[PDB]
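>>> Give me the fold of what follows.
(chains A and B, ligands or ions: 7)
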Amino acid sequence: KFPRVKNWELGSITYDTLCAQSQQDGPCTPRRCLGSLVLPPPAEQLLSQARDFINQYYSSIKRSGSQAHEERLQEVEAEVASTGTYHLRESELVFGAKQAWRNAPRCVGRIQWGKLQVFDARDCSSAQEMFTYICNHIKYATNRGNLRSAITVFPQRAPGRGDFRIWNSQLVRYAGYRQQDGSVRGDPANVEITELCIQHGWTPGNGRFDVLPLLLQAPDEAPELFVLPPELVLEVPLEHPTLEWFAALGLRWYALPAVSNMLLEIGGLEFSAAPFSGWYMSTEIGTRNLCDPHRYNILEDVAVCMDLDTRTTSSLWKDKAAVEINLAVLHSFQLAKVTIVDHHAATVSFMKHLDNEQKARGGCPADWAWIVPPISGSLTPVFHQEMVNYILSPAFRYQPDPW
Amino acid sequence: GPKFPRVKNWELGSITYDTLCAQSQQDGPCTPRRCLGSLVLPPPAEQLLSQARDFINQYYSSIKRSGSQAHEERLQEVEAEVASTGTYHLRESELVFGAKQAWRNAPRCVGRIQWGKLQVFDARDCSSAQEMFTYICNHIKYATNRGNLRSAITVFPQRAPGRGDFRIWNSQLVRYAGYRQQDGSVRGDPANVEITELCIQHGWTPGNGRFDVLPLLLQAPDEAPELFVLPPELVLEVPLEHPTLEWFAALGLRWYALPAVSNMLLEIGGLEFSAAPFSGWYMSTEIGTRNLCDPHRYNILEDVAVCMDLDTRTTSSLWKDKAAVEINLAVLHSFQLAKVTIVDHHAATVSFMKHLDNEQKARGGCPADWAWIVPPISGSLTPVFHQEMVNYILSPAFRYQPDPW
Ligand code: HEM
Ligand code: HEM
Ligand SMILES: Cc1cc(N)nc(C[C@@H]2CNC[C@H]2NCCNCCc2cccc(F)c2)c1
Ligand SMILES: Cc1cc(N)nc(C[C@@H]2CNC[C@H]2NCCNCCc2cccc(F)c2)c1
Ligand SMILES: C[C@H](O)[C@H](O)[C@H]1CNc2nc(N)[nH]c(=O)c2N1
Ligand SMILES: C[C@H](O)[C@H](O)[C@H]1CNc2nc(N)[nH]c(=O)c2N1
Ligand SMILES: [Zn+2]
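Numbers count the residues shown, from 1 in each chain, chains lettered A, B, ... in the order given. Ligands and ions are numbered 1, 2, ... in the order given. Here you go, the structure:
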């Protein structure tokens, strides 16, 4: 009835009973698995989601069934009945945000889930204020290189109006400029957003690592452009511990991974602007951002710099160059005293997390394809661990781009 | 718009719809509530007859004769045979077609570009364990072809009502012994502890090496299994050395040339071939990454990183990554030197991408298990990482089956 879950390195077996609390369907059916795909109210429905969540919260503070619990449930019924919606108390918001992260199946960093600074920005009435709030988040989370996990939560969605939105997918991204010759200068994943910025008045640069401005949108208004002060945006120059020529490549990356386009759902309420950040796992930069062929695509350049036989696949020049780039990322971050975790350290700590969650909740939703690192997969323990994937609430979700 | 899974490649930005999955008639382990895709392991006349009809229809379509009187006569022949015996039998060319189709249908195989080139050995006349041995030896000889490896399958008689199965007890035709030591550790391949112990229980005099080739335990219907040692001259092995690291040869590592799965059930039109060993050639990561570096296999990563003088005390030196790359390269280099067919994970995956286009055009999709198709080193460096895949069961199929003991 409940799925048997095996680790193939150790022979150990658990049963996932947590998955029974999923109320939201994923993409798979018995006929076909779609788990490798990247992408996919009325009163009584919102109310039942609100109840579930208030239940979750009072249980977390061990006050299940108490007066404060009963009274709070009534406040929610009263507010929904009269207004079609309700509001969270700060402490509930805090619990909700932590729980959304905990429940994130694609996140390998979840051992940190209980350590999250939550800035309540629900008294935000303008794109200008959104910016102040965004800048403080960056200041806090960066902390001179000693990164701290943080989320800032802007005003929820409301029936009769447009959303607060951050158009950018992260608070910090590098520009991608489409050239007339069809090639991209900069980061190719950011061509569209670079263009949008330009359309809304941004004076472009012409470098490979021009940090983008933020397009911020208050309800039903044109987005506004804000340039981040360079002082707030910590970058790390890339060098290699043994290869001197590496630094000459002029490669660099920003310190702060902060997602800014995902919706945060708590008890049926929706937070369309709720950016969050932690710290990088080196492979995100060393492997995906720098080596993906549809990103900076630096493999060949590096392999040529290493004088590798680039003529045949069997020389494993791709694999060899990839390792040095991952090493350069780690070394550079360690040298600049900026928090990073390598994919071995990270997956080992995720295994501990799976164990903690088994005892705590009877399971952990996890998306195997995203948990296993993009290089050296079977060299990490998560490769050998079976995983059950499902949707729990509170959750982060994708939402449509606002343009 | 289309009411079929949309499939995107994120490298190239291109889109397809899988319409083939509509043909699936066996449910996998996933529900809308939870995805179980990462789990390794998750007759009556009526059921048999419909399975048969569908296979026969598959066969006649593949020769472009759907609806023809030969098609409808063969259907008639099939039901009349089930009507009177409870089973039926495949024509020679129906077996050949079904064996290839089963390979083509296997979601976990990255080598499927090759699916149309399979030598199908018909061994449905086989009536003893001794004869299975002869057939298996002939299989190994033909498939090995002195290192110019050839895809092949040998098909032994089908499961019958109230008669024992033909079974090969070993999971592969060639595997190394794993000896459980006095100190609890394992000498040889830890994956093969059980089969080694079974071999010894059935009178095998064991060796004491890291790379001892196992004997076969072969079972004819309703008999105890008989033990057969493969003549060593038949078992091509490759000594492992590295192109520039001179000391690697001194580790004394080696692997067999021929990957030959022998414990899977080949199902075709409801008929069950309990003994149908099939063989191809290796993708290099199978040996160099999994068999050699898995913690629960040979586990040689630390040894090699020490030899390479790496800092094995800290994760962030990427010592595991560095050694793994060299062990893989050693595998490739050694097989190439020995003139034994092998394919690297870059070529293999590049060619599977091409197989995906072929199949899109031919069948409207291709069942694929992303976790198994993506190699265990350098995942996102290969194009399959960036390709969404739809996984589902088609028949003919290879299936896991329970161990005979
Ligand atoms: C503390 C350090 C953290 C590390 C090392 C980490 C690691 C990762 C990695 C490697 C991914 C996959 C990213 C990709 O391949 O694009 C990921 C995804 C994700 N993380 Fe974490 N994470 C951390 C903190 C956080 C925090 C603070 C939150 C929210 C409060 C969070 C929520 C998520 C979500 C929702 C995803 C999947 C959404 C997406 O990026 O598409 N993580 N994480
Ligand atoms: C021609 C060269 C071939 C290559 C390079 C190749 C490659 C692979 C690889 C890398 C795997 C995953 C194995 C693992 O991780 O343990 C696999 C699985 C599989 N292969 Fe192929 N293969 C080839 C030929 C064949 C042939 C001839 C057949 C059958 C006629 C076949 C049928 C299968 C099946 C059924 C599986 C899944 C069963 C399992 O779990 O091992 N392959 N193949
Ligand atoms: C908090 C935190 C820490 C960390 N290390 N890492 C993260 C997420 C990663 C980082 N860097 C990008 C984020 N992940 C974004 C994943 N993209 C979704 C796929 C997609 C969908 C639609 C369009 C498109 F182009 C792509 C968060
Ligand atoms: C024909 C061919 C060519 C090739 N390159 N490769 C192959 C399959 C590989 C080879 N070498 C092992 C096979 N595959 C092993 C299948 N194991 C998964 C299920 C299972 C079941 C029981 C125990 C266990 F640990 C795991 C076949
Ligand atoms: C198509 C496939 O699902 C896609 O490439 C996924 C695979 N696993 C991933 N895993 C992580 N962490 N990040 C990713 O972007 C992806 N991409
Ligand atoms: C848990 C996970 O499914 C398991 O370790 C799988 C992952 N992918 C694999 N892929 C291949 N090709 N071979 C394997 O043995 C595995 N093991
Ligand atoms: Zn699934």
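>>> Now residue A:353: closest residue in space, sequence neighbours ignored.
Computed as CB to CB, 6 or more residues apart in numbering or on different chains, the closest residue to residue A:353 that is not its neighbour in sequence is residue A:111, at 4.2 Å. For every residue, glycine as well, the C-beta is placed using N, CA and C.
>>> cool, and residue A:363?
Residue A:363's closest residue in space is residue A:18 (CB to CB, 6+ apart), at 3.2 Å.
>>> was I right about the one you found contacting residue A:360?
No. Using CB atoms under 8 Å, residue A:18 makes no contact with residue A:360, being 9.2 Å away.
>>> for the helix or strand containing residue A:253, which positions count as buried?
Secondary structure from DSSP states H and E places residue A:253 in strand A:252-254. Under the neighbour-count criterion of 16 or more other CB atoms under 10 Å in any protein chain shown, strand A:252-254 has A:253, A:254 buried.
>>> ok, now which ones touch residue A:403?
Taking CB atoms under 8 Å, 6 or more residues apart in numbering or on different chains as the criterion, residue A:403 is in contact with A:167, A:196.
>>> same thing with residue A:222?
residue A:200.
>>> Could you give the number of residues near the residue of the stretch 101-250 of chain A found nearest ligand 2?
Among the residues of the stretch 101-250 of chain A, residue A:108 lies closest to ligand 2, at 22.8 Å counting by CB to the nearest ligand atom. By the measure other CB atoms under 10 Å in any protein chain shown, the count of residues near residue A:108 is 24.
>>> how close does residue A:296 get to ligand 5?
For residue A:296, the distance to ligand 5 equals 15 Å [CB to the nearest ligand atom, to the nearest Å].
>>> Leaving out chain neighbours, which residue sits closest to that residue?
By the measure of CB to CB, 6+ apart, the closest residue to residue A:296 outside its immediate chain neighbours is residue A:290, 5.0 Å from it.
>>> So for residue A:18 and residue A:360, which residue has more residues nearby?
Here residue A:18 and residue A:360 are compared on neighbour count by other CB under 10 Å; more neighbours surround residue A:18, at 21 against 11.
>>> and that one, what does it touch?
A:357, A:361, A:362, A:363, A:364, A:365, A:392.
>>> quick one: it and residue A:386, what's the gap?
14 Å (CB to CB, to the nearest Å).
>>> Any idea how far apart the tips of stretch A:240-257 sit?
22 Å (CA to CA, to the nearest Å).
>>> And stretch A:151-164, by the same measure?
Terminal residues of stretch A:151-164 lie 15 Å apart, using CA to CA.
>>> Is ligand 1 within reach of it?
Yes. For stretch A:151-164, a contact with ligand 1 is found by CB under 6 Å from any ligand atom, at residue A:151.
>>> Residues contacting that stretch, please?
Outside stretch A:151-164, the residues that reach it (CB under 8 Å, 6+ apart) are A:84-85, A:87, A:93, A:97, A:116-122, A:124, A:130, A:133-134, A:136-137, A:217-220, A:264, A:269-277, A:402.
>>> Filter the residues you listed down to just the buried residues.
By 16+ other CB under 10 Å, those give A:85, A:93, A:97, A:116-121, A:124, A:130, A:133-134, A:137, A:217-219, A:264, A:269-277 as buried.
>>> Out of the residues you listed, which are close to ligand 3?
A:276, A:277.
>>> can you tell me which of the buried ones among the contacts of stretch A:151-164 are up against ligand 7?
Of the residues in the buried ones among the contacts of stretch A:151-164, proximity to ligand 7 by CB under 5 Å from the ion holds for none.
>>> Let's see which of the buried ones among the contacts of stretch A:151-164 end up in strands.
A:117, A:118, A:119, A:120, A:217, A:264, A:269, A:270, A:271, A:276, A:277 (DSSP state E).
>>> Identify the farthest-apart pair in the residues you listed.
A:117 and A:217 (24.3 Å; CB to CB).
>>> Is residue A:299 in contact with residue A:291, as I believe?
Yes. Counting by CB under 8 Å, residue A:299 touches residue A:291, with 5.2 Å between them.
>>> who touches both of those two?
Shared contacts of residue A:299 and residue A:291, defined by CB under 8 Å, 6+ apart, comprise A:321, A:322, A:325, B:381.
>>> With secondary structure as added columns, please give those in CSV.
Listed next are the shared contacts of residue A:299 and residue A:291 as CSV, based on DSSP: H, G, I helix; E, B strand; the rest coil:
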residue, secondary structure
A:321, helix
A:322, helix
A:325, helix
B:381, helix
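>>> Looking at those residues, state which has the most neighbours.
Going by other CB under 10 Å, residue A:322 tops the shared contacts of residue A:299 and residue A:291 with 29 neighbours.
>>> Touching, residue A:173 and residue A:211? I think so.
Yes. At 7.5 Å, residue A:173 counts as touching residue A:211 under the criterion of CB under 8 Å.
>>> who touches the closest residue to ligand 7 within the stretch 51-200 of chain A in this structure?
Residue nearest to ligand 7 within the stretch 51-200 of chain A: residue A:105 (11.9 Å; CB to the ion). By CB under 8 Å, 6+ apart, the contact set of residue A:105 is A:365, A:366, A:367, A:370, A:389, A:390, A:391.
>>> between those residues, which is closest to ligand 3?
residue A:370 (8.9 Å).
>>> so that closest one touches residue A:109, yeah?
No. Judged on CB under 8 Å, residue A:370 makes no contact with residue A:109 at a distance of 11.5 Å.
>>> Quickly list the domain ranges of chain A.
If you go by curated CATH domains, the domain ranges for chain A are A:16-122+A:149-159+A:263-277+A:347-371, A:123-148+A:163-234+A:398-402, A:235-257+A:280-345.
>>> In space, what's closest to residue A:352 - neighbours in sequence excluded?
residue A:111 (6.1 Å).
>>> check contacts around the one you found.
By CB under 8 Å, 6+ apart, the residues touching residue A:111 are A:349, A:350, A:352, A:353, A:356.
>>> and which of those residues is nearest ligand 5?
The closest of those, once distances to ligand 5 are taken by CB to the nearest ligand atom, is residue A:350, at 11.9 Å.
>>> Go through the contacts of residue A:111 and name the one nearest ligand 6.
Nearest member of the contacts of residue A:111 to ligand 6, counting by CB to the nearest ligand atom, is residue A:350, at 13.6 Å.
>>> Please name the residues that touch the closest one.
A:108, A:109, A:110, A:111, A:371, A:382.
>>> if we go to 6 Å?
A:108, A:382 (CB atoms under 6 Å, 6 or more residues apart in numbering or on different chains).
>>> Next to ligand 3, which bits of chain A? Give me the list.
Going by CB under 6 Å from any ligand atom, the residues of chain A near ligand 3 are A:38, A:39, A:189, A:257, A:259, A:276, A:277, A:278, A:280, A:281, A:284.
>>> The residue of the stretch 101-250 of chain A closest to ligand 2 contacts residue A:346, doesn't it?
Yes. At 5.4 Å, residue A:108 counts as touching residue A:346 under the criterion of CB atoms under 6 Å.
>>> center of chain A - which residue?
By CA atoms, centre = their mean, chain A has its centre lying nearest to residue A:259, at 5.0 Å.
>>> ok, now which ones touch that residue?
Residue A:259 neighbours (CB under 6 Å, 6+ apart): A:170, A:276.
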